[PDB]
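Chains as they are written, first to last, in the UniProt record's numbering: chain A, 87 to 165; chain B, 58 to 73, 84 to 223; chain C, 557 to 612; chain D, 242 to 255, 270 to 356. Right, one structure below, let's go through it.
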RNA sequence: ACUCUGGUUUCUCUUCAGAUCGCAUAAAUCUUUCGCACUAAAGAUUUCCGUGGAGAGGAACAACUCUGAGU
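This is the structure:
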C-alpha cells in the first residue's frame, strides 16, 4: 500500500472502520456459502495432499524422546 | 436523509484526515459505471438524475438505474432510426465532431460557468402526427414516460 | 463521452452530430483509447463493437 | 461447384491485436444451388425485414403478390387500392417537397 | 338487496431464492484439453452488474372498487 503510514488519527480510524464494515456488508451477500465451500475445499485439499512438514511431524515428535548423551554418539560416515 | 440543494456539491467540488478521501476513492469504477449506464438518450436534452456525492467531493455516484419500458424504448429507438436515416439522407456533408473533444490538456469546463445557462439547441425527437399517434404523443419523449401516472405504471 | 455531451450542450454541434459521435466513440474504443494492450480479453469486446457496426 | 460437391462426398466418407476478423473465418461457402441462392421470405408481400429502407424493399421485392392481387382483386377492390395508393403517394410527395436540398 | 378484514405509494433492514432469480449478459482464479491461448474450447469456484419471494420497521394518503367473509 502506498499509504501504509501517514497522518492517522481517531477520524482516520473511524473512516477505516466504516469502510471495513461496508466491505464486510458487501461480502455478506454470499458469505455463508462461500465460507462453507472454502472450508470444505481446504479440508479436502489438506486431507488429499498433506504438506511434507505434516508428514514428518509424527517422526519429529517421536524423535523428541532421545537423551542428550546419545547426540554426542552420532558417528560420521567414515566406516 | 433528504436531498440537498445542488449548489452545495457544486461548491464542495469547486473548493477541492486523508483517510476518508482515500477510502471514498476506492469505489471509482462504480462511479464510472453508474455515470455511463445513466447516459441520456438521443431524444433527451437534459436528464436530471439523483446523485449520491461524497461530502469531501472525492466521488459522486449516479444513484438511479436506467429503468425503461421495453415497448416504449424500442419504439423510441425506431423513431430515432427513422430520424437518423432522414437526416443522413438530407445532410450530404455531415461532419463528425472532433474525435478527441477538447484539448489534450484543456482544463475541464465548469458546469456553472458555460453549461448551466446555455439551453440545448434541439433534440432528435421525431415529429408525431396527432391523428394516429394520439395516445402516445403526450409522453413518447419524456425522461420516464408515465412515471407520475398511477394508472399505467405501479408508481415512482 | 462526457466531453462529447458537453460539446453538444455548448451548442457547437447538432444533436445528430452528438449521437453520431457517441456511436463512433463506442465503435472505435480501441483506436481512440489504448485499452487492448493492458487487458487482452478486452480486444474481444472491441471486435463485438465493430461487428455491431457492420450489423447497423 | 460440382467438384466442390463430389469432393464433399469424398471427404465425409474418407502476438497481434487483430481488430477485424479474417475472411477465412467466413462460413456459408456452399456448393448446392439450393443453399447459395436461398429463396428469401415474402411475407405475403406485406412484411419487411427490419432496418432496411422500406422503399428499397418495396422496389426489390419479387412482385409475385402484386401480380396475384392484380389478378384476383375485383374492380371495386382495385379502385379502393388505387385511391389508397393515391393518398399515400400524395402524402409522400408532400414530404419529399418539404424535404428538399 | 344490508355489515367486517385484506388498501395503495415510497424508504430501509433481514432471509430464502436452479426461477430465462436476468425474454440480458461481464470479469477473475484453478484444473483439463489439444495448439506452440484476446484472437480456445471444456469443467469448477468466486466477485461484480439487479432482480424476484417472504418478513419486519419507518412515513405518505386512501379508507370499502375488488377478493371475499358475515347475510
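Ideal Cβ positions, reconstructed from N, Cα and C, are used throughout, including at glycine.
Residue range of the alpha helix (DSSP H) that includes residue i
i	result
residue 320 of chain D	319 to 327
residue 254 of chain D	243 to 254
residue 580 of chain C	571 to 583
residue 107 of chain A	96 to 113
residue 284 of chain D	Element bounds for residue 284 of chain D: n/a, residue is neither H nor E.
residue 101 of chain B	95 to 104
residue 181 of chain B	178 to 181
residue 124 of chain A	117 to 134
residue 194 of chain B	First-last for residue 194 of chain B: undefined, no H or E at that position.
residue 339 of chain D	330 to 353
residue 295 of chain D	Per DSSP, residue 295 of chain D belongs to no alpha helix (DSSP H) and is neither H nor E.
residue 63 of chain B	63 to 72
residue 219 of chain B	Neither: residue 219 of chain B is in no alpha helix (DSSP H) and is coded neither H nor E.
residue 162 of chain B	Unbroken run through residue 162 of chain B: none, as it is neither H nor E.
Closer than 9 Å at the beta carbon, the chain B residues around residue i
i	result
residue 89 of chain A	85, 86 and 89
residue 572 of chain C	109, 150, 151, 154, 155, 158, 161 and 191
residue 95 of chain A	84 and 86
Residue i burial status per 10 Å Cβ neighbour count (16 or more: buried)
i	result
residue 289 of chain D	exposed
residue 86 of chain B	buried
residue 250 of chain D	exposed
residue 212 of chain B	buried
residue 89 of chain A	exposed
residue 201 of chain B	exposed
residue 103 of chain A	exposed
residue 324 of chain D	exposed
residue 565 of chain C	buried
residue 128 of chain B	buried
residue 136 of chain A	exposed
Chain-ordered neighbours of residue i on chain C, where CB pairs are closer than 9 Å
i	result
residue 272 of chain D	586, 592, 593, 596, 599 and 602
Extent of the continuous beta strand (DSSP E) run through residue i
i	result
residue 127 of chain B	127 to 129
residue 208 of chain B	Residue 208 of chain B -> no beta strand (DSSP E), and no H or E assigned at all.
residue 118 of chain B	118 to 120
Spatial distance of residue i from residue j (CA atoms)
i	j	result
residue 175 of chain B	residue 342 of chain D	54 Å
residue 600 of chain C	residue 99 of chain A	43 Å
residue 184 of chain B	residue 154 of chain B	28 Å
residue 573 of chain C	residue 150 of chain B	13 Å
residue 169 of chain B	residue 133 of chain B	28 Å
residue 353 of chain D	residue 111 of chain B	25 Å
residue 326 of chain D	residue 313 of chain D	19 Å
residue 65 of chain B	residue 121 of chain B	11 Å
residue 347 of chain D	residue 103 of chain B	39 Å
residue 125 of chain B	residue 88 of chain B	6 Å
residue 60 of chain B	residue 101 of chain A	23 Å
residue 571 of chain C	residue 191 of chain B	6 Å
residue 162 of chain B	residue 568 of chain C	12 Å
residue 91 of chain A	residue 109 of chain A	21 Å
7 Å Cβ cut-off: residues of chain D touching residue i
i	result
residue 606 of chain C	274 and 275
Cβ-based neighbour list, residue i, same chain, cut-off 6 Å, excluding 5 preceding and 5 following
i	result
residue 609 of chain C	583
residue 291 of chain D	285
residue 76 of chain B	In this structure residue 76 of chain B is absent; chain B steps straight from 73 to 84.
residue 195 of chain B	204
Closer than 7 Å at the beta carbon, the chain B residues around residue i
i	result
residue 98 of chain A	84 and 86
Listed by chain order, chain C residues near residue i by CB distance under 8 Å
i	result
residue 182 of chain B	562, 565 and 566
residue 185 of chain B	565, 566 and 567
Proximal residues of chain C, C-beta to C-beta of residue i below 7 Å
i	result
residue 164 of chain B	560, 563, 569, 573 and 577
Residue i: contacting residues in chain B (beta-carbon distance under 8 Å)
i	result
residue 102 of chain A	86 and 90
residue 105 of chain A	90 and 93
Neighbourhood of residue i by C-beta distance below 8 Å, restricted to the same chain and skipping five residues each side
i	result
residue 591 of chain C	585, 598 and 602
residue 328 of chain D	336
Close beta carbons around residue i, own chain, < 7 Å, minus the five adjacent residues each side
i	result
residue 117 of chain B	130 and 131
residue 560 of chain C	574, 577, 578 and 581
residue 193 of chain B	146, 149 and 150
residue 206 of chain B	212 and 213
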